[PDB]
């Protein structure tokens, strides 16, 4: 009821990876009930980025997921006040990232305040050498841990030379308003894709389709 079938999205990300500082703006639209969104991104400071753009893409909102009637939708029930999430990303060669997003809504627009910090990526590894191609489609497991809604996903970045580079996500999600009821455990399938880009990934168009289910 707060959430319309078509919503606009505004975003700013600030961050630092291996010491490199950057600022990225996003402008997008999506369909919350169909689980589809896309976004145009533009690096404003720090470009051309010296690391694989792909590590950032899942930090650029689980409101855009199709939920069936039989699973409580914690994210759509969080609005208009909104919610926040914090994520750790643990890569198999020791790279580590922490990201957060604080999401608010004004009228027909979501605003996103995103922070992304990464460290310990080996200078000779696929992230700093820009050898990544895409994330594989994934399944996030949603459950409650110590009273907090938690999503785990085992992610894989396809690399040049048909190898995958693995990363474990853990995200915690918290409604701003007390007493939004927690859902039962469930799954969210995701597919995220870079649809287009320019030479050094200073301008990128991103898309995600996500669908909640019970297994």
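Numbering (my numbering), first residue to last: 919 to 1133.
C-beta: ideal position from N, C-alpha, C; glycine also.
Three or more C-beta pairs closer than 8 Å, one from the region 1052-1062 and one from the region 1094-1103: is that the case here? yes
Which parts of the region 1023-1089 are runs of the beta strand (DSSP E), unbroken and 3 residues or longer, counting only runs that do not cross its ends? 1027-1037, 1050-1053, 1056-1063 and 1066-1077
Could you spell out where the alpha helix (DSSP H) holding residue 992 opens and where it closes? In the chain shown, the residue the question calls residue 992 occupies position 74. 992-995 is the span of the alpha helix (DSSP H), which, as asked, contains residue 992.
Helix or strand or just coil, what does DSSP make of residue 1009? By one-based count along the chain shown, residue 1009 stands at place 91. Strand, per DSSP.
Which residues does DSSP pair with residue 935 in a beta bridge? Within the chain shown, the letter at position 17 stands for residue 935. Residue 935 pairs with 938 and 1036.
Provide the residue span of the beta strand (DSSP E) that contains residue 1112, from first to last. Locating residue 1112 in the chain shown gives position 194, counting from the first residue. Its beta strand (DSSP E) spans residues 1104-1115.
When the distance is taken between beta carbons, is residue 969 closer than 9 Å to residue 941? The residue given as residue 941 occupies position 23 in the chain shown. The residue given as residue 969 occupies position 51 in the chain shown. No, the Cβ-Cβ distance between residue 941 and residue 969 is not below 9 Å.
For the beta strand (DSSP E) containing residue 999, list its first residue and its last residue. On the chain shown, residue 999 is found 81 positions in, with the first residue counted as 1. Premise fails: residue 999 is in no beta strand (DSSP E) and is neither H nor E.
Decide if residue 1042 is buried, meaning its Cβ has at least 16 other Cβ atoms within 10 Å, or exposed. The residue you call residue 1042 lines up with position 124 of the chain shown. Exposed, by the Cβ-count rule.
Does the separation of the CB atoms of residue 957 and residue 974 fall below 9 Å? By one-based count along the chain shown, residue 957 stands at place 39. By one-based count along the chain shown, residue 974 stands at place 56. Against a cut-off of 9 Å, the Cβ pair of residue 974 and residue 957 comes out as no contact.
Put residue 974 into one of helix, strand or coil per three-state DSSP. Locating residue 974 in the chain shown gives position 56, counting from the first residue. Helix at residue 974.
Can you tell me which of the three DSSP states residue 960 falls into? Counted from its first residue, the chain shown places residue 960 at position 42. Residue 960: strand per DSSP, three-state reduction.
Going by CA-CA distance only, name the one from 1048, 1025 and 948 that's closest to residue 1118. Counting from one through the chain shown, the residue named residue 1118 turns up at place 200. Residue 1048 is the option with its Cα nearest to residue 1118.
Per DSSP, residue 983 is paired with what? Locating residue 983 in the chain shown gives position 65, where the first residue counts as 1. Bridge partners of residue 983: none, in fact.
Measuring only the C-alpha atoms, how far is residue 1003 from residue 1038? As a working mapping, residue 1003 is identified with position 85 in the chain shown. As a working mapping, residue 1038 is identified with position 120 in the chain shown. Each residue's Cα considered, the two are about 23 Å apart.
Taking the alpha carbon of residue 1053 as the reference point, which residue from 1068, 999, 1027 and 1113 has its own alpha carbon closest? Locating residue 1053 in the chain shown gives position 135, counting from the first residue. For residue 1053, the nearest C-alpha among the options comes from 1113.
If you measure between the beta carbons of residue 959 and residue 1129, is that distance less than 9 Å? For the purposes of this step, residue 959 is taken as residue 41 along the chain shown, with counting starting at 1. For the purposes of this step, residue 1129 is taken as residue 211 along the chain shown, with counting starting at 1. No, Cβ-Cβ distance for residue 959 and residue 1129 is not below 9 Å.
Neighbour-count burial assignment, residue 991, 16 or more Cβ in a 10 Å radius: Residue numbering aside, residue 991 sits at position 73 when the chain shown is read from its first letter. Buried, by the Cβ-count rule.
Our contact map puts residue 1009 next to residue 1085 with C-beta atoms below 8 Å; I'd like the distance itself, whole angstroms only. Start at 1 with the first residue of the chain shown, and residue 1009 comes out as number 91. Start at 1 with the first residue of the chain shown, and residue 1085 comes out as number 167. Their Cβ separation, rounded to whole angstroms, is 5 Å, which keeps residue 1009 and residue 1085 in contact under 8 Å.
Per DSSP, cross-strand counterpart(s) of residue 1016: By 1-based counting over the chain shown, the position of residue 1016 is 98. For residue 1016, which the question treats as bridged, DSSP gives the partners 1006 and 1035.
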